>>> print(open('work-v1.txt').read())   # compact mmCIF, N, CA and C atoms
# COMPACT_ATOMS: atom_id res chain seq x y z
N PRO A 1 14.69 -20.69 -15.65
CA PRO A 1 14.40 -19.26 -15.90
C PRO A 1 12.90 -19.02 -16.09
N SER A 2 12.36 -18.06 -15.34
CA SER A 2 10.94 -17.70 -15.42
C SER A 2 10.75 -16.20 -15.64
N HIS A 3 11.65 -15.39 -15.03
CA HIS A 3 11.66 -13.90 -15.15
C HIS A 3 10.49 -13.23 -14.42
N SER A 4 9.34 -13.92 -14.35
CA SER A 4 8.15 -13.39 -13.71
C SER A 4 7.58 -14.38 -12.70
N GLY A 5 7.06 -13.84 -11.60
CA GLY A 5 6.49 -14.65 -10.55
C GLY A 5 5.39 -13.93 -9.81
N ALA A 6 5.59 -13.74 -8.50
CA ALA A 6 4.66 -12.99 -7.65
C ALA A 6 5.42 -12.28 -6.53
N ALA A 7 5.26 -10.95 -6.45
CA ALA A 7 5.98 -10.14 -5.46
C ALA A 7 5.10 -9.03 -4.88
N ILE A 8 5.43 -8.62 -3.64
CA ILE A 8 4.75 -7.51 -2.96
C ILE A 8 5.74 -6.34 -2.79
N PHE A 9 5.25 -5.12 -3.02
CA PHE A 9 6.06 -3.91 -2.92
C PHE A 9 5.23 -2.79 -2.30
N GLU A 10 5.71 -2.25 -1.16
CA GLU A 10 5.02 -1.18 -0.40
C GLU A 10 3.63 -1.63 0.11
N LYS A 11 3.58 -2.90 0.55
CA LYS A 11 2.37 -3.53 1.16
C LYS A 11 1.24 -3.80 0.15
N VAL A 12 1.40 -3.33 -1.09
CA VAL A 12 0.47 -3.64 -2.18
C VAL A 12 0.99 -4.86 -2.95
N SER A 13 0.17 -5.92 -2.98
CA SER A 13 0.56 -7.18 -3.60
C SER A 13 0.39 -7.15 -5.11
N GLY A 14 1.39 -7.69 -5.81
CA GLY A 14 1.39 -7.68 -7.25
C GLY A 14 2.17 -8.82 -7.85
N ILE A 15 2.57 -8.64 -9.10
CA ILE A 15 3.35 -9.63 -9.84
C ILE A 15 4.63 -8.97 -10.38
N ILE A 16 5.75 -9.70 -10.30
CA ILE A 16 7.05 -9.19 -10.74
C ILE A 16 7.40 -9.75 -12.13
N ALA A 17 7.98 -8.89 -12.98
CA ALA A 17 8.42 -9.29 -14.32
C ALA A 17 9.79 -8.71 -14.64
N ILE A 18 10.64 -9.51 -15.30
CA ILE A 18 11.95 -9.04 -15.75
C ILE A 18 11.88 -8.64 -17.24
N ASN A 19 12.58 -7.55 -17.54
CA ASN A 19 12.56 -6.91 -18.86
C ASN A 19 13.91 -7.09 -19.56
N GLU A 20 13.99 -8.05 -20.48
CA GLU A 20 15.20 -8.26 -21.29
C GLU A 20 14.83 -8.16 -22.78
N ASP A 21 15.86 -8.07 -23.65
CA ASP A 21 15.69 -7.79 -25.12
C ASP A 21 15.28 -6.32 -25.34
N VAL A 22 15.20 -5.58 -24.24
CA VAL A 22 14.81 -4.17 -24.21
C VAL A 22 16.05 -3.28 -24.01
N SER A 23 15.82 -1.97 -23.83
CA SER A 23 16.89 -1.04 -23.44
C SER A 23 17.15 -1.33 -21.95
N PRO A 24 18.32 -0.97 -21.32
CA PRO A 24 18.95 -1.88 -20.33
C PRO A 24 17.95 -2.54 -19.38
N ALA A 25 18.10 -3.88 -19.28
CA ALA A 25 17.11 -4.77 -18.66
C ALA A 25 16.63 -4.26 -17.31
N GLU A 26 15.31 -4.27 -17.14
CA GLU A 26 14.67 -3.69 -15.96
C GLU A 26 13.69 -4.63 -15.28
N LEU A 27 13.68 -4.59 -13.96
CA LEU A 27 12.85 -5.46 -13.14
C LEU A 27 11.59 -4.68 -12.78
N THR A 28 10.51 -5.06 -13.45
CA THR A 28 9.26 -4.30 -13.41
C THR A 28 8.22 -5.00 -12.53
N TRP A 29 7.97 -4.42 -11.35
CA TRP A 29 6.88 -4.85 -10.49
C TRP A 29 5.59 -4.15 -10.92
N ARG A 30 4.53 -4.94 -11.05
CA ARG A 30 3.20 -4.40 -11.33
C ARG A 30 2.21 -4.92 -10.29
N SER A 31 1.10 -4.20 -10.11
CA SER A 31 0.06 -4.60 -9.16
C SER A 31 -0.64 -5.88 -9.66
N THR A 32 -1.45 -6.54 -8.82
CA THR A 32 -2.12 -7.79 -9.22
C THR A 32 -2.94 -7.63 -10.52
N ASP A 33 -3.46 -6.42 -10.75
CA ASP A 33 -4.08 -6.05 -12.03
C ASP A 33 -3.07 -5.28 -12.90
N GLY A 34 -2.18 -4.52 -12.23
CA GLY A 34 -1.11 -3.79 -12.91
C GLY A 34 -1.36 -2.30 -13.02
N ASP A 35 -2.30 -1.78 -12.21
CA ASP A 35 -2.57 -0.34 -12.15
C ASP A 35 -1.40 0.44 -11.51
N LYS A 36 -0.67 -0.24 -10.62
CA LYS A 36 0.55 0.30 -10.01
C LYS A 36 1.76 -0.42 -10.61
N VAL A 37 2.82 0.34 -10.90
CA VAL A 37 4.02 -0.24 -11.53
C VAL A 37 5.31 0.46 -11.05
N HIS A 38 6.31 -0.37 -10.68
CA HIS A 38 7.64 0.11 -10.28
C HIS A 38 8.70 -0.58 -11.15
N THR A 39 9.77 0.15 -11.48
CA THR A 39 10.78 -0.35 -12.43
C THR A 39 12.21 -0.23 -11.87
N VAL A 40 12.95 -1.35 -11.93
CA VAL A 40 14.36 -1.39 -11.53
C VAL A 40 15.26 -1.70 -12.75
N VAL A 41 16.01 -0.69 -13.23
CA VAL A 41 16.99 -0.88 -14.31
C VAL A 41 18.28 -1.47 -13.70
N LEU A 42 18.66 -2.67 -14.15
CA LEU A 42 19.77 -3.41 -13.51
C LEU A 42 21.15 -2.87 -13.89
N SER A 43 21.23 -2.09 -14.98
CA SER A 43 22.48 -1.42 -15.37
C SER A 43 22.82 -0.29 -14.38
N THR A 44 21.90 -0.08 -13.43
CA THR A 44 22.06 0.92 -12.36
C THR A 44 22.13 0.23 -10.99
N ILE A 45 22.03 -1.11 -10.99
CA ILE A 45 22.04 -1.92 -9.77
C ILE A 45 23.41 -2.60 -9.61
N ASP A 46 23.89 -2.67 -8.36
CA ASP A 46 25.19 -3.26 -8.06
C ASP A 46 25.05 -4.62 -7.34
N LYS A 47 24.12 -4.71 -6.38
CA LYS A 47 23.93 -5.94 -5.59
C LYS A 47 22.46 -6.36 -5.46
N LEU A 48 22.25 -7.58 -4.89
CA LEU A 48 20.90 -8.14 -4.63
C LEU A 48 20.97 -9.06 -3.40
N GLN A 49 20.07 -8.87 -2.43
CA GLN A 49 20.03 -9.74 -1.23
C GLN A 49 18.62 -10.30 -1.00
N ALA A 50 18.51 -11.64 -0.91
CA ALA A 50 17.21 -12.31 -0.69
C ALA A 50 17.16 -13.06 0.65
N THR A 51 15.93 -13.19 1.22
CA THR A 51 15.70 -13.92 2.49
C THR A 51 15.95 -15.44 2.31
N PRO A 52 16.92 -16.05 3.08
CA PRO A 52 17.14 -17.52 3.06
C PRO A 52 15.89 -18.33 3.42
N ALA A 53 15.92 -19.64 3.10
CA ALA A 53 14.83 -20.56 3.43
C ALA A 53 14.80 -20.91 4.92
N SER A 54 15.84 -20.47 5.64
CA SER A 54 15.91 -20.58 7.10
C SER A 54 15.38 -19.30 7.77
N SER A 55 15.32 -18.21 6.99
CA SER A 55 14.83 -16.92 7.46
C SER A 55 13.31 -16.91 7.63
N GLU A 56 12.86 -16.26 8.72
CA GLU A 56 11.43 -16.08 9.03
C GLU A 56 10.73 -15.20 8.00
N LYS A 57 11.54 -14.52 7.20
CA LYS A 57 11.09 -13.49 6.29
C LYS A 57 10.90 -13.99 4.87
N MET A 58 9.97 -13.35 4.16
CA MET A 58 9.82 -13.54 2.72
C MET A 58 10.00 -12.19 2.02
N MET A 59 11.22 -11.95 1.51
CA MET A 59 11.60 -10.66 0.92
C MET A 59 12.78 -10.81 -0.04
N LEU A 60 12.94 -9.81 -0.93
CA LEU A 60 14.04 -9.77 -1.89
C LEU A 60 14.52 -8.32 -2.05
N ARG A 61 15.80 -8.08 -1.73
CA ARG A 61 16.37 -6.73 -1.77
C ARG A 61 17.18 -6.51 -3.05
N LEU A 62 17.14 -5.27 -3.55
CA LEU A 62 17.87 -4.86 -4.75
C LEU A 62 18.71 -3.62 -4.46
N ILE A 63 20.03 -3.77 -4.51
CA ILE A 63 20.97 -2.74 -4.06
C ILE A 63 21.40 -1.86 -5.24
N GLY A 64 21.21 -0.54 -5.07
CA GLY A 64 21.50 0.42 -6.13
C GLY A 64 22.96 0.84 -6.17
N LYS A 65 23.34 1.49 -7.27
CA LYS A 65 24.71 1.95 -7.49
C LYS A 65 24.96 3.34 -6.91
N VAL A 66 25.89 3.38 -5.96
CA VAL A 66 26.31 4.63 -5.31
C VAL A 66 27.81 4.87 -5.50
N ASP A 67 28.18 6.15 -5.58
CA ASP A 67 29.57 6.57 -5.69
C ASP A 67 30.15 6.76 -4.28
N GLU A 68 30.92 5.77 -3.82
CA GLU A 68 31.49 5.79 -2.47
C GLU A 68 32.84 6.53 -2.41
N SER A 69 33.32 7.02 -3.57
CA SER A 69 34.58 7.79 -3.64
C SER A 69 34.37 9.25 -3.20
N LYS A 70 33.12 9.59 -2.87
CA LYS A 70 32.75 10.93 -2.38
C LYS A 70 32.67 10.95 -0.83
N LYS A 71 33.55 10.16 -0.21
CA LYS A 71 33.61 9.97 1.26
C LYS A 71 33.51 11.30 2.02
N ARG A 72 32.49 11.39 2.89
CA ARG A 72 32.21 12.61 3.64
C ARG A 72 32.71 12.46 5.08
N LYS A 73 33.06 13.59 5.71
CA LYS A 73 33.53 13.59 7.10
C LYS A 73 32.74 14.61 7.92
N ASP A 74 32.56 14.30 9.21
CA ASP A 74 31.77 15.12 10.12
C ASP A 74 32.61 16.28 10.71
N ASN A 75 32.04 17.07 11.63
CA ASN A 75 32.70 18.27 12.20
C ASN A 75 34.07 17.97 12.83
N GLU A 76 34.21 16.77 13.41
CA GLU A 76 35.45 16.39 14.11
C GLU A 76 36.44 15.69 13.17
N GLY A 77 35.97 15.32 11.97
CA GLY A 77 36.80 14.64 11.00
C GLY A 77 36.59 13.13 10.99
N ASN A 78 35.39 12.71 11.39
CA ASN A 78 35.02 11.29 11.42
C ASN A 78 34.44 10.87 10.07
N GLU A 79 34.80 9.66 9.62
CA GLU A 79 34.40 9.15 8.31
C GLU A 79 32.91 8.79 8.29
N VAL A 80 32.15 9.53 7.49
CA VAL A 80 30.73 9.27 7.31
C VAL A 80 30.45 9.07 5.83
N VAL A 81 30.32 7.80 5.45
CA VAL A 81 30.25 7.42 4.04
C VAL A 81 28.78 7.21 3.59
N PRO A 82 28.33 7.88 2.48
CA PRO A 82 26.96 7.72 1.93
C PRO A 82 26.71 6.31 1.39
N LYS A 83 25.61 5.71 1.84
CA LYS A 83 25.29 4.31 1.54
C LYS A 83 24.35 4.17 0.33
N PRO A 84 24.42 3.03 -0.43
CA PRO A 84 23.50 2.74 -1.55
C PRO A 84 22.07 2.41 -1.09
N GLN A 85 21.11 2.68 -1.97
CA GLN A 85 19.68 2.44 -1.69
C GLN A 85 19.26 1.05 -2.16
N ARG A 86 18.49 0.37 -1.31
CA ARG A 86 18.11 -1.03 -1.54
C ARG A 86 16.59 -1.14 -1.75
N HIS A 87 16.18 -1.98 -2.71
CA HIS A 87 14.76 -2.16 -3.06
C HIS A 87 14.26 -3.55 -2.64
N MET A 88 13.32 -3.59 -1.70
CA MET A 88 12.82 -4.86 -1.15
C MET A 88 11.52 -5.30 -1.86
N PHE A 89 11.34 -6.63 -1.99
CA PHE A 89 10.11 -7.21 -2.53
C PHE A 89 9.71 -8.43 -1.70
N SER A 90 8.46 -8.46 -1.21
CA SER A 90 7.97 -9.58 -0.40
C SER A 90 7.47 -10.73 -1.29
N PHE A 91 7.70 -11.95 -0.82
CA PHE A 91 7.42 -13.17 -1.60
C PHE A 91 6.58 -14.18 -0.80
N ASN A 92 6.22 -15.28 -1.47
CA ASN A 92 5.48 -16.38 -0.84
C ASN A 92 6.25 -17.71 -0.96
N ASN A 93 7.25 -17.75 -1.85
CA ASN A 93 8.06 -18.96 -2.09
C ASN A 93 9.53 -18.59 -2.35
N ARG A 94 10.44 -19.44 -1.84
CA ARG A 94 11.89 -19.24 -2.01
C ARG A 94 12.38 -19.69 -3.39
N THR A 95 11.57 -20.51 -4.07
CA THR A 95 11.91 -21.04 -5.39
C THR A 95 11.72 -19.99 -6.49
N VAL A 96 10.93 -18.94 -6.20
CA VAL A 96 10.76 -17.81 -7.13
C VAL A 96 11.91 -16.82 -6.94
N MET A 97 12.03 -16.23 -5.73
CA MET A 97 13.09 -15.23 -5.41
C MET A 97 14.49 -15.66 -5.88
N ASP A 98 14.79 -16.96 -5.73
CA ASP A 98 16.07 -17.52 -6.17
C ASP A 98 16.16 -17.60 -7.70
N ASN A 99 15.00 -17.68 -8.36
CA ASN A 99 14.92 -17.71 -9.83
C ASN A 99 14.89 -16.30 -10.44
N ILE A 100 14.27 -15.33 -9.72
CA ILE A 100 14.30 -13.91 -10.13
C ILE A 100 15.73 -13.36 -9.94
N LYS A 101 16.27 -13.53 -8.72
CA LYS A 101 17.65 -13.14 -8.37
C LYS A 101 18.68 -13.78 -9.31
N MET A 102 18.47 -15.05 -9.66
CA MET A 102 19.32 -15.78 -10.62
C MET A 102 19.43 -15.02 -11.96
N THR A 103 18.27 -14.66 -12.55
CA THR A 103 18.23 -13.87 -13.78
C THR A 103 18.89 -12.50 -13.56
N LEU A 104 18.38 -11.73 -12.56
CA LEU A 104 18.95 -10.43 -12.15
C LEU A 104 20.47 -10.50 -12.07
N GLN A 105 20.96 -11.42 -11.22
CA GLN A 105 22.41 -11.68 -11.03
C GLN A 105 23.17 -11.90 -12.34
N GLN A 106 22.48 -12.47 -13.34
CA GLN A 106 23.06 -12.73 -14.66
C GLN A 106 22.99 -11.49 -15.55
N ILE A 107 22.09 -10.56 -15.19
CA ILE A 107 21.94 -9.27 -15.88
C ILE A 107 22.99 -8.24 -15.39
N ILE A 108 23.20 -8.15 -14.06
CA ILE A 108 24.14 -7.17 -13.47
C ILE A 108 25.59 -7.53 -13.80
N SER A 109 25.86 -8.84 -13.90
CA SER A 109 27.19 -9.36 -14.28
C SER A 109 27.56 -8.98 -15.73
N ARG A 110 26.55 -8.62 -16.53
CA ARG A 110 26.76 -8.11 -17.89
C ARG A 110 27.17 -6.63 -17.86
N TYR A 111 26.51 -5.87 -16.97
CA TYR A 111 26.84 -4.46 -16.72
C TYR A 111 28.00 -4.32 -15.72
N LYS A 112 28.47 -5.48 -15.22
CA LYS A 112 29.59 -5.55 -14.28
C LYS A 112 30.92 -5.66 -15.04
N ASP A 113 30.86 -6.28 -16.22
CA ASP A 113 32.00 -6.42 -17.11
C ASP A 113 32.10 -5.24 -18.08
N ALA A 114 30.94 -4.68 -18.48
CA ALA A 114 30.85 -3.53 -19.39
C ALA A 114 31.62 -3.75 -20.70
N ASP A 115 30.94 -4.37 -21.66
CA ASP A 115 31.52 -4.66 -22.98
C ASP A 115 30.75 -3.90 -24.07
N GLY B 519 -5.67 -19.17 18.33
CA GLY B 519 -6.58 -18.33 19.15
C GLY B 519 -7.58 -17.56 18.32
N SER B 520 -7.34 -16.25 18.16
CA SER B 520 -8.22 -15.38 17.38
C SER B 520 -7.42 -14.53 16.38
N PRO B 521 -7.83 -14.47 15.07
CA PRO B 521 -7.12 -13.66 14.05
C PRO B 521 -7.37 -12.15 14.21
N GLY B 522 -6.35 -11.35 13.89
CA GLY B 522 -6.46 -9.90 14.00
C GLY B 522 -5.78 -9.16 12.86
N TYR B 523 -5.99 -7.84 12.81
CA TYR B 523 -5.41 -6.99 11.77
C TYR B 523 -4.22 -6.18 12.32
N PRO B 524 -2.94 -6.51 11.94
CA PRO B 524 -1.75 -5.74 12.36
C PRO B 524 -1.72 -4.32 11.77
N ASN B 525 -1.40 -3.34 12.62
CA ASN B 525 -1.32 -1.93 12.20
C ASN B 525 0.10 -1.39 12.39
N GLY B 526 0.59 -0.69 11.36
CA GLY B 526 1.93 -0.12 11.41
C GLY B 526 2.04 1.16 10.61
N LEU B 527 1.39 2.21 11.11
CA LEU B 527 1.40 3.53 10.46
C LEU B 527 1.93 4.62 11.40
N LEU B 528 2.94 4.27 12.20
CA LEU B 528 3.50 5.18 13.21
C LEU B 528 4.41 6.25 12.56
N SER B 529 4.62 6.14 11.25
CA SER B 529 5.44 7.09 10.49
C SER B 529 4.94 7.21 9.04
N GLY B 530 5.15 6.16 8.24
CA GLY B 530 4.67 6.14 6.87
C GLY B 530 4.68 4.75 6.29
N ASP B 531 5.73 4.48 5.52
CA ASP B 531 5.93 3.19 4.85
C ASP B 531 7.42 2.90 4.61
N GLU B 532 8.20 3.97 4.51
CA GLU B 532 9.63 3.88 4.21
C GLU B 532 10.50 3.94 5.47
N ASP B 533 9.84 3.95 6.61
CA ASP B 533 10.50 4.02 7.92
C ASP B 533 10.75 2.62 8.49
N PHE B 534 10.15 1.60 7.86
CA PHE B 534 10.28 0.21 8.32
C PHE B 534 11.38 -0.55 7.56
N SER B 535 11.79 -0.01 6.41
CA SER B 535 12.85 -0.60 5.59
C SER B 535 14.24 -0.11 6.02
N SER B 536 14.26 0.89 6.92
CA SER B 536 15.51 1.42 7.48
C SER B 536 15.97 0.59 8.68
N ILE B 537 14.99 0.09 9.45
CA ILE B 537 15.26 -0.81 10.58
C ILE B 537 15.29 -2.27 10.12
N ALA B 538 14.61 -2.55 9.00
CA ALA B 538 14.63 -3.89 8.42
C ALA B 538 15.84 -4.09 7.49
N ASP B 539 16.74 -3.10 7.52
CA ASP B 539 18.04 -3.17 6.83
C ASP B 539 19.08 -3.75 7.80
N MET B 540 18.86 -3.52 9.10
CA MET B 540 19.63 -4.17 10.17
C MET B 540 19.19 -5.62 10.35
N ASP B 541 18.00 -5.93 9.82
CA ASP B 541 17.41 -7.26 9.87
C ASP B 541 18.01 -8.20 8.82
N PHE B 542 18.43 -7.64 7.67
CA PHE B 542 18.83 -8.45 6.51
C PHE B 542 20.28 -8.95 6.59
N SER B 543 21.13 -8.22 7.32
CA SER B 543 22.56 -8.57 7.43
C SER B 543 22.80 -9.68 8.47
N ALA B 544 21.81 -9.91 9.34
CA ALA B 544 21.90 -10.95 10.37
C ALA B 544 21.34 -12.29 9.87
N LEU B 545 20.65 -12.27 8.72
CA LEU B 545 20.03 -13.47 8.15
C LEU B 545 20.98 -14.26 7.25
N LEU B 546 21.83 -13.56 6.48
CA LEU B 546 22.76 -14.21 5.54
C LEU B 546 23.97 -14.78 6.26
N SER B 547 24.31 -14.15 7.39
CA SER B 547 25.42 -14.60 8.24
C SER B 547 24.91 -15.44 9.42
N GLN B 548 23.88 -14.93 10.14
CA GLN B 548 23.26 -15.61 11.30
C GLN B 548 24.29 -16.03 12.37
N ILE B 549 24.38 -15.21 13.43
CA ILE B 549 25.30 -15.46 14.54
C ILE B 549 24.56 -15.48 15.88
N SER B 550 24.88 -16.48 16.70
CA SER B 550 24.26 -16.63 18.02
C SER B 550 25.21 -16.16 19.13
N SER B 551 24.65 -15.41 20.09
CA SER B 551 25.43 -14.88 21.22
C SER B 551 24.99 -15.54 22.53
>>> encode(input="work-v1.txt", output="structure tokens")
Amino acid sequence: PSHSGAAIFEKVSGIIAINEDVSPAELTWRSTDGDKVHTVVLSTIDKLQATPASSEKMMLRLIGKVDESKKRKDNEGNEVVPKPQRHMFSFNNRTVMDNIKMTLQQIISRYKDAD
Amino acid sequence: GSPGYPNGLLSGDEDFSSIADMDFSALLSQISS
């Protein structure tokens, strides 16, 4: 467990930090100095997808919570279902993303049981 | 060869994560045709 490493968001390179012992745990990206900051509250997150070590890509996705029971239909009556929003983060090593996702995954599973 | 600067401002910044969402589902499964 490290909680913090190095991540890129919106082409601006920065450092990623996980927020626990706080009000519901949040994944806080900050700029390399930290003038820019983005926050992901995991009690509002449902899934997480990261680039494999076989993948050409260095990225980490964070899937948000959407209500899919509001299924919408088009003019002809075709099923058009609203999709959840995903948050990507670019990386330089697979050993970090798997360690950030590991913590994250352990945070959402707490809000997944709801006790 | 020679290093260069890639440019990708044909829309904004949030227009590349919509097509790179079709990119992420082929990586975890990976299927050859």
>>> interface_residues(input="work-v1.txt", of="chain B", to="chain A", cutoff="12 Å", atoms="only C-alpha atoms", output="list in words")
residues 525, 526, 527, 530, 531, 532, 533, 534, 535, 536, 538, 539, 541, 542, 543, 544, 545, 546, 547 and 548 of chain B
>>> residues_around(input="work-v1.txt", residues="stretch 65-78 of chain A", least_positions_apart="6", cutoff="6 Å", atoms="only N, CA and C atoms", output="list in words")
residues 44, 45, 46, 84 and 85 of chain A
>>> select_by_dssp(input="work-v1.txt", residues="chain A", states="helix (DSSP H, G or I)", output="ChimeraX atom specification")
/A:42-44,94-113
>>> atom_distance(input="work-v1.txt", atom1="atom C of residue A:42", atom2="atom CA of residue A:98")
17.3 Å
>>> closest_residue(input="work-v1.txt", among="A:80, A:110, A:100, A:32", to="residue A:3", atoms="all atoms listed in the file")
A:100
>>> closest_residue(input="work-v1.txt", among="A:99, A:43, A:106, A:92", to="residue A:17", atoms="only C-alpha atoms")
A:99
>>> select_by_dssp(input="work-v1.txt", residues="chain A", states="strand (DSSP E)", output="count of residues only")
43
>>> atom_distance(input="work-v1.txt", atom1="atom N of residue A:25", atom2="atom C of residue A:102")
13.4 Å
>>> closest_residue(input="work-v1.txt", among="A:26, A:63, A:34, A:1", to="residue A:14", atoms="all atoms listed in the file")
A:34
>>> atom_distance(input="work-v1.txt", atom1="atom C of residue A:31", atom2="atom CA of residue A:15")
5.5 Å
>>> build_atoms(input="work-v1.txt", residues="stretch 30-42 of chain A", atoms="N, CA, C and O atoms", output="CSV table (one decimal), in the frame of the given file")
chain,number,residue,atom,x,y,z
A,30,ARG,N,4.5,-4.9,-11.0
A,30,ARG,CA,3.2,-4.4,-11.3
A,30,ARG,C,2.2,-4.9,-10.3
A,30,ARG,O,2.5,-6.0,-9.7
A,31,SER,N,1.1,-4.2,-10.1
A,31,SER,CA,0.1,-4.6,-9.2
A,31,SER,C,-0.6,-5.9,-9.7
A,31,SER,O,-0.4,-6.3,-10.8
A,32,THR,N,-1.4,-6.5,-8.8
A,32,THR,CA,-2.1,-7.8,-9.2
A,32,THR,C,-2.9,-7.6,-10.5
A,32,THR,O,-3.1,-8.6,-11.3
A,33,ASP,N,-3.5,-6.4,-10.8
A,33,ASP,CA,-4.1,-6.0,-12.0
A,33,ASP,C,-3.1,-5.3,-12.9
A,33,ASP,O,-3.1,-5.4,-14.1
A,34,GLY,N,-2.2,-4.5,-12.2
A,34,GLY,CA,-1.1,-3.8,-12.9
A,34,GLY,C,-1.4,-2.3,-13.0
A,34,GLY,O,-0.7,-1.6,-13.8
A,35,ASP,N,-2.3,-1.8,-12.2
A,35,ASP,CA,-2.6,-0.3,-12.2
A,35,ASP,C,-1.4,0.4,-11.5
A,35,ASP,O,-1.2,1.6,-11.8
A,36,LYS,N,-0.7,-0.2,-10.6
A,36,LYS,CA,0.6,0.3,-10.0
A,36,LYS,C,1.8,-0.4,-10.6
A,36,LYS,O,1.7,-1.6,-10.8
A,37,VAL,N,2.8,0.3,-10.9
A,37,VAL,CA,4.0,-0.2,-11.5
A,37,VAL,C,5.3,0.5,-11.0
A,37,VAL,O,5.4,1.7,-11.0
A,38,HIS,N,6.3,-0.4,-10.7
A,38,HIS,CA,7.6,0.1,-10.3
A,38,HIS,C,8.7,-0.6,-11.2
A,38,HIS,O,8.6,-1.8,-11.5
A,39,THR,N,9.8,0.2,-11.5
A,39,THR,CA,10.8,-0.4,-12.4
A,39,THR,C,12.2,-0.2,-11.9
A,39,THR,O,12.6,0.8,-11.4
A,40,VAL,N,13.0,-1.4,-11.9
A,40,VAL,CA,14.4,-1.4,-11.5
A,40,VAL,C,15.3,-1.7,-12.8
A,40,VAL,O,15.3,-2.8,-13.2
A,41,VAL,N,16.0,-0.7,-13.2
A,41,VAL,CA,17.0,-0.9,-14.3
A,41,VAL,C,18.3,-1.5,-13.7
A,41,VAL,O,18.9,-0.8,-12.8
A,42,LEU,N,18.7,-2.7,-14.2
A,42,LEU,CA,19.8,-3.4,-13.5
A,42,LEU,C,21.2,-2.9,-13.9
A,42,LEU,O,22.1,-3.2,-13.2
